[PDB]
Amino acid sequence: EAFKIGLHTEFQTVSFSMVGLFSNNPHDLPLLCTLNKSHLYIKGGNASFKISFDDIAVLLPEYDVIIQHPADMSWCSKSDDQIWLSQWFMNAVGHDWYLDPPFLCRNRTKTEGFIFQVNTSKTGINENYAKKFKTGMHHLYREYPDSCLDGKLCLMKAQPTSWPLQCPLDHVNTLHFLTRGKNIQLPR
Amino acid sequence: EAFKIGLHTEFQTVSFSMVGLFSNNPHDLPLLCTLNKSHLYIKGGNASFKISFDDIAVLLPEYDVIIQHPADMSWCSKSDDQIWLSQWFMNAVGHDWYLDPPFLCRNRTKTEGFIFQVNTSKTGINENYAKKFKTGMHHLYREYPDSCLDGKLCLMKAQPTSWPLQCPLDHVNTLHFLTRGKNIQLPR
Amino acid sequence: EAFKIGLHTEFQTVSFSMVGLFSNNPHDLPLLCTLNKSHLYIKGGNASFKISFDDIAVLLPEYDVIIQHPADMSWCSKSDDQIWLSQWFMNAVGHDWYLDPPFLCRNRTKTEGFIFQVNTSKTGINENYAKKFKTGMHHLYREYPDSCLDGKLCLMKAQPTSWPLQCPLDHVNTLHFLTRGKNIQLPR
Amino acid sequence: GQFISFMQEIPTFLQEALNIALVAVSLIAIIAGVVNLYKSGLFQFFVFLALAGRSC
Amino acid sequence: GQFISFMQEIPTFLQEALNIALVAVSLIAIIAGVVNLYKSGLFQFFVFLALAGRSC
Amino acid sequence: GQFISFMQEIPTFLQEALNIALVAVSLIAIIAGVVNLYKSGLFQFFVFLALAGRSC
Amino acid sequence: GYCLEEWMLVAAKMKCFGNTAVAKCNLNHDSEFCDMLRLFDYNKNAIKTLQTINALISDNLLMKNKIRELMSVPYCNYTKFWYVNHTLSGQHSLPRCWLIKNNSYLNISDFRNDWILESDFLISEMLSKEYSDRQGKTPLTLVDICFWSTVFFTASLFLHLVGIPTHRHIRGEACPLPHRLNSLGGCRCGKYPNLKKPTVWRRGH
Amino acid sequence: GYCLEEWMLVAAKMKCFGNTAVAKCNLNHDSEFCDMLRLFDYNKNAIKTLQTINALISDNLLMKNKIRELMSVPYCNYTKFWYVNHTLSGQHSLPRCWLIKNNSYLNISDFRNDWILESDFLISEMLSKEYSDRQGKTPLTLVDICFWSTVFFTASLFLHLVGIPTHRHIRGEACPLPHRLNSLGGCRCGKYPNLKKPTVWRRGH
Amino acid sequence: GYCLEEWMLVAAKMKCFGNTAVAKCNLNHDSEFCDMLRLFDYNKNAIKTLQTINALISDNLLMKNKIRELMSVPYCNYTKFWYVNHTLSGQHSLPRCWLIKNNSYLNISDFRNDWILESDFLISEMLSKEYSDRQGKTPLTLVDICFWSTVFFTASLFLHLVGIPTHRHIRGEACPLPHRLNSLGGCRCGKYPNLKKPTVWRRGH
Ligand SMILES: *[C@@H]1O[C@H](CO)[C@@H](O[C@@H]2O[C@H](CO)[C@@H](O)[C@H](O)[C@H]2NC(C)=O)[C@H](O)[C@H]1NC(C)=O
Ligand SMILES: *[C@@H]1O[C@H](CO)[C@@H](O[C@@H]2O[C@H](CO)[C@@H](O)[C@H](O)[C@H]2NC(C)=O)[C@H](O)[C@H]1NC(C)=O
Ligand SMILES: *[C@@H]1O[C@H](CO)[C@@H](O[C@@H]2O[C@H](CO)[C@@H](O)[C@H](O)[C@H]2NC(C)=O)[C@H](O)[C@H]1NC(C)=O
Ligand SMILES: *[C@@H]1O[C@H](CO)[C@@H](O[C@@H]2O[C@H](CO)[C@@H](O)[C@H](O)[C@H]2NC(C)=O)[C@H](O)[C@H]1NC(C)=O
Ligand SMILES: *[C@@H]1O[C@H](CO)[C@@H](O[C@@H]2O[C@H](CO)[C@@H](O)[C@H](O)[C@H]2NC(C)=O)[C@H](O)[C@H]1NC(C)=O
Ligand SMILES: *[C@@H]1O[C@H](CO)[C@@H](O[C@@H]2O[C@H](CO)[C@@H](O)[C@H](O)[C@H]2NC(C)=O)[C@H](O)[C@H]1NC(C)=O
Ligand SMILES: *[C@@H]1O[C@H](CO)[C@@H](O[C@@H]2O[C@H](CO)[C@@H](O)[C@H](O)[C@H]2NC(C)=O)[C@H](O)[C@H]1NC(C)=O
Ligand SMILES: *[C@@H]1O[C@H](CO)[C@@H](O[C@@H]2O[C@H](CO)[C@@H](O)[C@H](O)[C@H]2NC(C)=O)[C@H](O)[C@H]1NC(C)=O
Ligand SMILES: *[C@@H]1O[C@H](CO)[C@@H](O[C@@H]2O[C@H](CO)[C@@H](O)[C@H](O)[C@H]2NC(C)=O)[C@H](O)[C@H]1NC(C)=O
Ligand SMILES: *[C@@H]1O[C@H](CO)[C@@H](O)[C@H](O)[C@H]1NC(C)=O
Ligand SMILES: *[C@@H]1O[C@H](CO)[C@@H](O)[C@H](O)[C@H]1NC(C)=O
Ligand SMILES: *[C@@H]1O[C@H](CO)[C@@H](O)[C@H](O)[C@H]1NC(C)=O
Ligand SMILES: *[C@@H]1O[C@H](CO)[C@@H](O)[C@H](O)[C@H]1NC(C)=O
Ligand SMILES: *[C@@H]1O[C@H](CO)[C@@H](O)[C@H](O)[C@H]1NC(C)=O
Ligand SMILES: *[C@@H]1O[C@H](CO)[C@@H](O)[C@H](O)[C@H]1NC(C)=O
Ligand SMILES: *[C@@H]1O[C@H](CO)[C@@H](O)[C@H](O)[C@H]1NC(C)=O
Ligand SMILES: [Zn+2]
Ligand SMILES: [Zn+2]
Ligand SMILES: [Zn+2]
Ligand SMILES: [Zn+2]
Ligand SMILES: [Zn+2]
C-alpha cells in the first residue's frame, strides 16, 4: 500500500498482470502450474498433462514402447500435439536422448489412453538421471514438491487431464521452460 | 559526407574495408554471399557450393546415399575439403545429427558431380526441421531470399561451382557462421 | 612486498589460500596437477589417474573394449567412481559420444588393471579430433606440455596411480574442468 | 524559476549545518546590502528622481 | 593555457543567462577593481617609485 | 573534523598552482579580516565589555 | 517500456514512468523490473505491429532467483515491484522487486532499511542531477574567472580603504611635492640634498 | 585499436582515435564499433606477430541486429560508422553505426536528432570532464576554507566601514575617557557616580 | 566478501576490506579478485549454513586469461592480488591480480606504471567522493543564492564607498534643499526656476 516516508517521498507499488500477458501473445507460451501440492500440471498447445509421481509402475519395459529417439514416439498418441508437448517437456527437464536411459510409453493402438512413464528413481544406475530430473523439475516448477525419496523407487506418469481453471497463472515457470527448451517452435 | 553542425563541431564518418579484413587474415574464413536474389553462394577452404532451392528432386532416397552420421559422408566426394564445408554448413544451419531426418548425397563413384540434398519442405512431418533450417539460413545469410513456400515441396541442392568474383564480400554472414558453427576448425 | 609509494599511500598485497578452498569445500572438486612436465595427473572422487602420452599402443581396437556410448564403460572397471571420473574427464576434454571416434578400454574381467586409451594423433582422418583433444587439454591443464606432434601417431593412456601429495594444488584447472563439464553431478 | 520549487523543499535542506550556514549568510548579506545601499543614497537618489521638481 | 581555448569557445557559451551574467559580473568587477585601485593610489605609488627623484 | 584530516594531507595538495593560490588567498583574507576588525573597534569593544567599569 | 498500458498492470490504470529510471534499464543487467518491461514491450510491439522471449530476459538473474529459492532465502517471482516517488517533482527511483519468502510477500518492516536508503538515494540523485546539469552548461573557466574577479575586487576595496602611500616625507617636515625624494631623502635638483634622513611614507594629500 | 591503419579503412588513409572515446569500449558492450575494433585489433596483432573471433564480437549485438533485420527496422551492417568531432580540441564521440534500412544507407535527415544530441552531449562531456579533473585535483575543504575566508573578510570590511562603538557616552557630555562607565553611566572610582543616566554608545575618537 | 577469514588467506589473518571497493564488484565483471570473493563467499555461506560454481566465476575472464597464457603474454592465475592502500583514512583500491608470465610473478618494475596510476586514481577518487557527498546534500540553488548575495553585498559596499549623488545643485550655487530641480535645474515654485545652467551632482550633505 502507498504511504509517505518523507516530506514528499511516497512509497508506491506497481504490480504486473499475467492474465493480460498470456492473453496478448504472438505465440502459445507453455503453462506449468502446481495446484495445491504434489499435483503438477503442464499445458502446451491443445495437450494438457498431469505429472504424477507414484511408486506404482503402470508401464513395464517388456510390454510398452521403449523410447530412445524422439521419432519412436509415433507409436504413442494419435494427436501430434501430445507428442510435441511430451518431447519438449522431456527436453526441458534435461533428457539427453543419446546418453540417458529410455523411458516407456503406451502403445497407440491400445485404447487405454496416452501415458508415458519416466524412471526418476534415485537408486543404483539411475542416480545421476534422477538427480538431473530433479534439477529440471526444480527449474520448471518453483516450490516443486519432490516426492522421489532416496533409495525408494519413484516413477512419474504423464496422462491427459482437464486443465484446472482454478490453478494459478505463474509465468516464471514458462520462462524457465523456454530457457531450457532450446529451439522450441511455438504455434501461432 | 563530412559537414559542420556546430561552431567547432563537424559530423564525420569512418568506414571499414573488408577485403583487408578477409584477404589479410591468419585463418581461412567462410564466405557467404548472394547475387541478386535466390542465387546463394558459399565458400570455405577450396570448396565453393551454390545453394539452390527448387521443387525437383535430383537425388532420391531409394538410389543414393543416406547421411545420418557425419562419418557417412566419406562416400560423397573425393575432395575432403568439400566434405568439410558440407559438414560445417550443415552444422551452421542447425542440423542435429541424432534428432533430425537424414539428408541424401550422390555416390562418390557415380560420376555426376558432388551433390547433397536436404528436404527443407514445410510440409507435414518435416515442418519443424524446415522451420529450423529457415532460422539457420536467416542467420547465415543477411537478406535471405526464402523460396520454400508453406505446403509446397522445397528441396535444396548444393553443387560445386566457380566462385563469383563479382559478388559483394560480406562479413556479418561469416560472423554468424562462426558463431553457430561451435567448435569449427578453420584451415590456416 | 609492502612498500610506500606516496606520502600516506602504501603498496599492499593479499594472497588466497588454495588448500583452504579445496578442503573447506562441501563438494568433492576434481584436482588436476602438472608435476614436472608430460607427467599429468588427475583426481576426482576416489579415483586418481596418471595421464600418459606415448607412441606405443597398449590396447588394440580388435582385442579390447570399444566405447562409443558412455554405458559401454560398464565393462571397464568394477569401481563406479573410476568409470565416472573417466566419463567426466572425456566430457571435459570435449569428447562428443556421437560424432567422435570411439576409444578403447581394457576388459573388466581381465586382471591387468583399468586402462583406457584415446587416439590423440594428428594423422589422416584423425585431424579434427586430436586438435579438439589438444584444445581441451590446454583448457584443463595450465601450460599443457603437448607431446603429440603433427603427422606422428600419439596415443594417450590413463592408469590408476597414487596421488602425489608433492604436486601443487591448482584451482584454475578445477574451474576449467567444471566449466567444460556441462551438467556434472559432483559428489557431495 | 528554480526558486519557487526550492522554497517548497526548504525544510528538507535545513538538516545539515552547512545549509543553515548558507541560508544565514545569504539573509545577512541581503540585509547588509539593503542597509548600505540606503546609506549610499541610491534610494534617496531614486526618490529625488521621482520628485524631479514636482514637490519641495 | 585554458584562456586561449576559452576565448575561442566563448561564442558557444553566451547562450545561457548564467554565462552572460558571469561574464558581466567578471567585467564589472575588473573595471571596478581598476578604478578603485586608481583611487586608492597604487598606480600613483608605482609611478612615483619609477621616478625616484629622477624628475620633479 | 575535516580540518584535522586536511591538516595531514596539505603536503600532498601543494603540488598545483591552484591549491597554493587558494591557501595564500585564505591566509591573506584571514589576516586582513583580523587587521580591519582591529581597525573597526570590535576588539576594543570586547576589551571594554570585559573592563565594564572595573578599572580606569 | 517508458510507459505501460492498463492490461499490463493488475489495476487498470494509465500509470506511466519517467525517463531516467527507465534509461537505467539499458545500463543495468540486474533488475527484474527492466526484464519485465522488455518482455511486455516486446509483447505490445508484436501483438499486431510488425529466442527473443529468452534473450529479452536476463538468464543470470532468473538463475540467481532460482538458486535463492532453493536456498530458502528471499527471492523475486516477478510480479510486484515497489519504488519511492517524489510527489511534487514526479521523479522516482527504479522499481525494485517486492521479495517473497514462504510463498508470501515480505512485510514492509523487513525492507524498511531498503526503502529508507532508496528515498535518501533519490534525494541525493536529484541534487546531483541538478549539479551535473549545471556543470554540463557552464564552463569551469568562467566560474574561475568570476571568482578571481570577485577576490580581486574585494582586495581592491580593501586597498581603497587603507590607502597606499604615494610619496616620501620626513618626520616633522613639510610636503616635498612637487619635488620628489630618493631613498636618502633628496633628489638631484639641489633643493633637497642627500642628507640620509630617514623617510616616512605618506599618502596623497 | 587506438589507431587504425590504412588497410582497415575504405579510404587509403590512416585515422587514429582518441583515448577517452575508446575507453568506453571496455565498459560498453552495446556498440558495434568496439566489436569491430576488437576484431581488427586481433586480425592485425596475429597477422605475423604472436573461439577468439566469437569472444571478440558480442553475440548479443549480432542477435539484436539480426532480429531487427527480421523486423524490417533499421539495423547495422557493421560497415560504416559516423561520429561527432570537435575540430579545434580534437575530442570526439564514440562512433555509432550508420544504420541501414531496405538495403540502403539511411539519409542524414532520419538521424539528424541523433547526431544533434550527440554533439550536445559531446560539448557537455568536455565541460563535465573539466569539472571532474578540477574536483579530483583540488580538495573540497580548501575550497570551503577559501570561500569562508573571503566571506569573513567581506564582513570585516563592512564592520570597518560602519564602525563598532568602543566606550559609553551620554547626550550633551564630553568624553569620559580615560574613565569608564557602567550600564548605569558611572564606574566605582567616584569621579562618575551611578546616576542611572541613559548612555549613548560612540566610536573611537 | 566484505571481510575475509583466516583460512582464505596465506599467512592467515583477518584482512577485511572496505565498502566502495567491494561494491565495485557488483558492477564490474572483469575482476579476478571479485570472482574469487564470490567463490569464497559461496564456499563459506554453504559450508554448513543453507552450476553455482560457474555462475560465481566470470567465464569470459577465465577464457581471456587462458587465451593470454596461450599467447604467452602476462596473465593471472587467481592466486596473488596487489592493491594500493591509503594508510591514514583506510581507503584502498580494488585489488588487482599480480600478473604472471613464464610461470613467474612479474617484478614490481613491470607494473610500476600500474601502481603509480592506481595511487593517483585512489587520491583522485577520494577527493571526487568528497565532492559528490557534498553535492548530494547541499542544493545547487542554495549555493547560487549565497554566491549572488555575496556579490550583491560587495557591490553594495562599493556603492557605499563611492556614494551616489542624490540632489541636483548648480555650478557655484549653494544647496537649494529643500527644493528639487528638473533636468534644466528648475522648479515650479520659482525659487530656482529654469535658468538653463550647468548642474552639479553632489552627494548627500
Ligand atoms: C526403474 O529403475 C530402477 C533402478 O533401480 C529399477 O529397479 C531395479 O532394477 C534392477 C534391474 O536389474 C533390479 O536388479 C533392482 O532390484 C531394481 N530395484 C532397485 C535397485 O530398487 C526399476 O525396475 C525401474 N522401473 C521400470 C519400470 O523400469
Ligand atoms: C508471486 O507470489 C505472490 C505471493 O504468493 C503471488 O501473489 C498472489 O497473487 C494472486 C493473484 O493476483 C492473489 O490472489 C494472491 O492474494 C496473491 N498473494 C498470495 C500470498 O497468494 C503472485 O501471484 C505470484 N506471482 C506469480 C507470477 O506466480
Ligand atoms: C521430402 O519431404 C516431403 C514431406 O515429407 C515428401 O513428400 C511426401 O512424401 C510422402 C511419402 O513419400 C508422400 O506420401 C507425399 O505425397 C509427399 N507429398 C507431400 C508434399 O507431403 C517428399 O517425398 C520428400 N522428398 C524426398 C526427396 O525424400
Ligand atoms: C590411431 O590413429 C591413426 C590414424 O588414424 C592410425 O594409424 C593409421 O591407420 C591407417 C589404417 O590402418 C593406416 O593406413 C595409416 O598409415 C596409419 N597411420 C599411422 C601414422 O600409423 C592408428 O592405427 C590408430 N591407432 C590405434 C590404436 O587404433
Ligand atoms: C600462481 O602462480 C604462482 C607463481 O608460479 C604460484 O606461486 C607459488 O605458490 C607456491 C605455493 O604457495 C609457493 O611455494 C611458490 O614459491 C610460489 N611461487 C612460484 C614462483 O612457484 C601460485 O601457486 C600459483 N597459483 C596456483 C593456484 O597454482
Ligand atoms: C509520482 O506521483 C505523482 C503525483 O501523484 C504522479 O504524477 C501524477 O501522474 C498521473 C498519471 O496519471 C496524473 O494523472 C497526475 O495528475 C500526476 N500528478 C501530478 C501532481 O503531477 C507520478 O506519476 C508518480 N510517479 C509514478 C507513479 O511513477
Ligand atoms: C577531428 O578533426 C580534427 C580537425 O581536423 C582532427 O585533428 C587533426 O588531425 C589531423 C590528422 O591527423 C592533423 O594533421 C591535424 O593537425 C589535427 N588538428 C588538430 C587541431 O588537432 C582530428 O583528428 C579529428 N578527429 C578524428 C578524425 O577522430
Ligand atoms: C552494408 O550494407 C550497405 C548498404 O546497406 C553497403 O553499402 C554499399 O557499399 C557498396 C560497396 O562500397 C557501395 O558500392 C554501395 O553504393 C553501398 N550502398 C548501397 C548498396 O546502398 C555496404 O557495403 C554493406 N557492407 C558489407 C560489409 O556488406
Ligand atoms: C590499509 O592500512 C591500514 C593501516 O595499516 C589498515 O587498517 C588497519 O586494519 C587492521 C586490520 O586489517 C587493524 O588491526 C588496524 O588497527 C588498522 N589500522 C588503522 C590505522 O586503522 C587497513 O586495513 C588497510 N587496508 C586493507 C588491508 O585493505
Ligand atoms: C504396438 O506397438 C508397436 C510399436 O512399438 C506396433 O508395431 C504394434 O503394431 C502395436 N501393437 C499392435 C497390436 O498393433
Ligand atoms: C555407392 O555407394 C556405396 C557405399 O555407400 C559403394 O559401396 C558403391 O561402390 C557405390 N556405387 C557403386 C559402384 O555401387
Ligand atoms: C570381455 O568383455 C566382454 C564385454 O565387452 C565380456 O562379454 C566378456 O566376458 C569379457 N571377457 C571374458 C573372457 O570374460
Ligand atoms: C511456511 O509456509 C508454510 C505453508 O504451509 C507454513 O505452514 C509455515 O508456517 C511457514 N513458515 C515456516 C517457517 O515454515
Ligand atoms: C527499396 O530499395 C530499392 C533498391 O534496393 C528501391 O528502388 C526502392 O524504392 C526501395 N523501396 C521499396 C519499397 O522497394
Ligand atoms: C537524401 O540526402 C541527399 C543529400 O544530397 C538529398 O539529395 C536527397 O534528396 C535526400 N533524400 C531523398 C532520397 O530525397
Ligand atoms: C622462462 O623461464 C625459464 C626458467 O627456467 C627460462 O629458462 C626461460 O628462458 C624463460 N623463457 C622465456 C624468457 O621466454
Ligand atoms: Zn606629501
Ligand atoms: Zn628636484
Ligand atoms: Zn569617548
Ligand atoms: Zn545638496
Ligand atoms: Zn520648488
# chains A, B, ... in the order shown; residues from 1 in each chain; ligands from 1
>>> residues_around(residues="residue 90 of chain A", least_positions_apart="4", cutoff="10 Å", atoms="only C-alpha atoms", output="ChimeraX atom specification")
/A:70,84-86,94-97,118,133,136,181
>>> write_last_selection(atoms="N, CA and C atoms", output="PDB file, in the first residue's frame")
ATOM      1  N   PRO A  70      13.398 -39.464 -30.294  1.00  0.00           N
ATOM      2  CA  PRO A  70      12.102 -38.771 -30.345  1.00  0.00           C
ATOM      3  C   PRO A  70      11.188 -39.284 -31.439  1.00  0.00           C
ATOM      4  N   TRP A  84       4.307 -33.606 -29.213  1.00  0.00           N
ATOM      5  CA  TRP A  84       5.105 -32.384 -29.173  1.00  0.00           C
ATOM      6  C   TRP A  84       5.317 -31.914 -27.740  1.00  0.00           C
ATOM      7  N   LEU A  85       4.236 -31.868 -26.958  1.00  0.00           N
ATOM      8  CA  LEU A  85       4.343 -31.424 -25.574  1.00  0.00           C
ATOM      9  C   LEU A  85       5.222 -32.361 -24.761  1.00  0.00           C
ATOM     10  N   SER A  86       5.075 -33.672 -24.961  1.00  0.00           N
ATOM     11  CA  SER A  86       5.889 -34.628 -24.218  1.00  0.00           C
ATOM     12  C   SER A  86       7.363 -34.490 -24.576  1.00  0.00           C
ATOM     13  N   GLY A  94      15.684 -32.029 -19.128  1.00  0.00           N
ATOM     14  CA  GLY A  94      17.102 -32.255 -19.323  1.00  0.00           C
ATOM     15  C   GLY A  94      17.419 -33.651 -19.807  1.00  0.00           C
ATOM     16  N   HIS A  95      16.489 -34.250 -20.542  1.00  0.00           N
ATOM     17  CA  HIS A  95      16.627 -35.626 -21.009  1.00  0.00           C
ATOM     18  C   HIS A  95      17.446 -35.624 -22.293  1.00  0.00           C
ATOM     19  N   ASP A  96      18.702 -36.057 -22.195  1.00  0.00           N
ATOM     20  CA  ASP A  96      19.543 -36.225 -23.372  1.00  0.00           C
ATOM     21  C   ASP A  96      19.185 -37.545 -24.041  1.00  0.00           C
ATOM     22  N   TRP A  97      18.736 -37.469 -25.290  1.00  0.00           N
ATOM     23  CA  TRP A  97      18.171 -38.623 -25.975  1.00  0.00           C
ATOM     24  C   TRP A  97      19.210 -39.667 -26.349  1.00  0.00           C
ATOM     25  N   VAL A 118       8.418 -42.164 -16.939  1.00  0.00           N
ATOM     26  CA  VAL A 118       9.850 -41.901 -16.885  1.00  0.00           C
ATOM     27  C   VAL A 118      10.367 -42.363 -15.533  1.00  0.00           C
ATOM     28  N   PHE A 133      16.870 -35.147 -13.399  1.00  0.00           N
ATOM     29  CA  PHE A 133      15.432 -34.944 -13.497  1.00  0.00           C
ATOM     30  C   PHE A 133      14.934 -34.022 -12.392  1.00  0.00           C
ATOM     31  N   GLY A 136      15.875 -30.514 -13.304  1.00  0.00           N
ATOM     32  CA  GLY A 136      14.958 -29.982 -14.291  1.00  0.00           C
ATOM     33  C   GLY A 136      13.618 -29.610 -13.694  1.00  0.00           C
ATOM     34  N   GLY A 181      14.229 -25.055 -23.157  1.00  0.00           N
ATOM     35  CA  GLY A 181      13.695 -25.743 -24.318  1.00  0.00           C
ATOM     36  C   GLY A 181      14.513 -25.627 -25.584  1.00  0.00           C
TER      37      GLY A 181
END
>>> residues_near_ligand(ligand="ligand 13", cutoff="10 Å", atoms="only C-alpha atoms and all ligand atoms", output="MDAnalysis selection string")
chainID G and resid 72 101:104
>>> closest_atom_pairs(of="chain H", to="ligand 19", cutoff="7 Å", atoms="only C-alpha atoms and all ligand atoms", output="CSV")
residue,atom,partner,partner_atom_place_in_ligand_line,distance
H:167,CA,ligand 19,1 (Zn),5.8
H:168,CA,ligand 19,1 (Zn),6.7
H:169,CA,ligand 19,1 (Zn),6.2
H:175,CA,ligand 19,1 (Zn),4.3
H:176,CA,ligand 19,1 (Zn),6.1
H:177,CA,ligand 19,1 (Zn),5.7
H:202,CA,ligand 19,1 (Zn),6.3
H:203,CA,ligand 19,1 (Zn),6.9
H:204,CA,ligand 19,1 (Zn),6.2
H:205,CA,ligand 19,1 (Zn),6.1
>>> write_last_selection(atoms="N, CA, C and O atoms", output="short mmCIF file (atom, residue, chain, number, x, y, z; two decimals), in the first residue's frame")
data_model
loop_
_atom_site.label_atom_id
_atom_site.label_comp_id
_atom_site.auth_asym_id
_atom_site.auth_seq_id
_atom_site.Cartn_x
_atom_site.Cartn_y
_atom_site.Cartn_z
N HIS H 167 33.24 52.73 23.72
CA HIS H 167 33.02 53.17 25.10
C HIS H 167 31.58 53.65 25.22
O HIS H 167 30.78 53.52 24.30
N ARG H 168 31.26 54.25 26.37
CA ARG H 168 29.91 54.70 26.67
C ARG H 168 29.92 56.20 26.92
O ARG H 168 30.76 56.70 27.68
N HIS H 169 29.01 56.91 26.27
CA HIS H 169 28.88 58.36 26.40
C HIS H 169 27.46 58.69 26.84
O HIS H 169 26.61 57.82 27.00
N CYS H 175 33.83 63.50 26.49
CA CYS H 175 34.32 62.12 26.56
C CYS H 175 34.74 61.77 27.98
O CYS H 175 35.61 62.45 28.54
N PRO H 176 34.16 60.74 28.60
CA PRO H 176 34.60 60.34 29.94
C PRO H 176 35.98 59.71 29.98
O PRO H 176 36.52 59.51 31.07
N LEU H 177 36.58 59.40 28.83
CA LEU H 177 37.87 58.73 28.80
C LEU H 177 38.94 59.62 29.44
O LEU H 177 38.85 60.85 29.39
N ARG H 202 29.36 55.48 21.51
CA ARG H 202 30.08 56.23 20.50
C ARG H 202 31.37 55.51 20.13
O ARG H 202 31.91 54.74 20.93
N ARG H 203 31.85 55.77 18.92
CA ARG H 203 33.02 55.10 18.39
C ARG H 203 34.30 55.73 18.93
O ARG H 203 34.27 56.67 19.73
N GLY H 204 35.43 55.20 18.50
CA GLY H 204 36.71 55.74 18.95
C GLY H 204 36.94 57.14 18.40
O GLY H 204 36.61 57.44 17.25
N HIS H 205 37.53 57.99 19.23
CA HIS H 205 37.80 59.37 18.84
C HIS H 205 39.11 59.47 18.06
O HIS H 205 40.02 58.66 18.23
#
>>> select_by_dssp(residues="segment 11-77 of chain C", states="helix (DSSP H, G or I)", output="ChimeraX atom specification")
/C:18-24,70-75
>>> interface_residues(of="chain H", to="chain D", cutoff="10 Å", atoms="only C-alpha atoms", output="ChimeraX atom specification")
/H:151,154-155,158,161-162
>>> write_last_selection(atoms="N, CA, C and O atoms", output="mmCIF file, in the first residue's frame")
data_model
loop_
_atom_site.group_PDB
_atom_site.id
_atom_site.type_symbol
_atom_site.label_atom_id
_atom_site.label_comp_id
_atom_site.auth_asym_id
_atom_site.auth_seq_id
_atom_site.Cartn_x
_atom_site.Cartn_y
_atom_site.Cartn_z
ATOM 1 N N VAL H 151 34.296 35.381 2.736
ATOM 2 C CA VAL H 151 33.081 35.908 3.359
ATOM 3 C C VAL H 151 33.416 36.643 4.651
ATOM 4 O O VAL H 151 32.888 37.732 4.923
ATOM 5 N N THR H 154 34.971 39.990 3.802
ATOM 6 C CA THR H 154 33.986 40.970 3.357
ATOM 7 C C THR H 154 33.182 41.515 4.533
ATOM 8 O O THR H 154 32.936 42.728 4.625
ATOM 9 N N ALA H 155 32.778 40.635 5.452
ATOM 10 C CA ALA H 155 32.086 41.094 6.651
ATOM 11 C C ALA H 155 32.979 42.002 7.483
ATOM 12 O O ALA H 155 32.507 42.969 8.096
ATOM 13 N N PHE H 158 32.909 45.378 5.992
ATOM 14 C CA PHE H 158 31.660 46.043 6.349
ATOM 15 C C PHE H 158 31.718 46.600 7.764
ATOM 16 O O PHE H 158 31.283 47.730 8.013
ATOM 17 N N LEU H 161 33.795 49.758 7.811
ATOM 18 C CA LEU H 161 33.119 50.967 7.353
ATOM 19 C C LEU H 161 32.134 51.488 8.392
ATOM 20 O O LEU H 161 32.136 52.680 8.722
ATOM 21 N N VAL H 162 31.278 50.610 8.915
ATOM 22 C CA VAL H 162 30.256 51.045 9.860
ATOM 23 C C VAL H 162 30.892 51.514 11.161
ATOM 24 O O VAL H 162 30.532 52.567 11.699
#
>>> residues_near_ligand(ligand="ligand 15", cutoff="8 Å", atoms="only C-alpha atoms and all ligand atoms", output="MDAnalysis selection string")
chainID H and resid 107:109
>>> residues_around(residues="residue 151 of chain A", least_positions_apart="6", cutoff="9 Å", atoms="only C-alpha atoms", output="PDB file with N, CA and C atoms, in the first residue's frame")
ATOM      1  N   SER A 121      13.821 -42.677 -10.335  1.00  0.00           N
ATOM      2  CA  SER A 121      14.146 -43.270  -9.047  1.00  0.00           C
ATOM      3  C   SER A 121      15.620 -43.071  -8.727  1.00  0.00           C
ATOM      4  N   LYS A 122      15.907 -42.711  -7.475  1.00  0.00           N
ATOM      5  CA  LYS A 122      17.276 -42.465  -7.024  1.00  0.00           C
ATOM      6  C   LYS A 122      17.828 -43.750  -6.417  1.00  0.00           C
ATOM      7  N   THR A 123      18.203 -44.679  -7.293  1.00  0.00           N
ATOM      8  CA  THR A 123      18.671 -45.991  -6.849  1.00  0.00           C
ATOM      9  C   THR A 123      19.583 -46.583  -7.911  1.00  0.00           C
ATOM     10  N   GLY A 124      20.815 -46.890  -7.532  1.00  0.00           N
ATOM     11  CA  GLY A 124      21.706 -47.623  -8.416  1.00  0.00           C
ATOM     12  C   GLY A 124      22.102 -46.827  -9.643  1.00  0.00           C
TER      13      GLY A 124
END
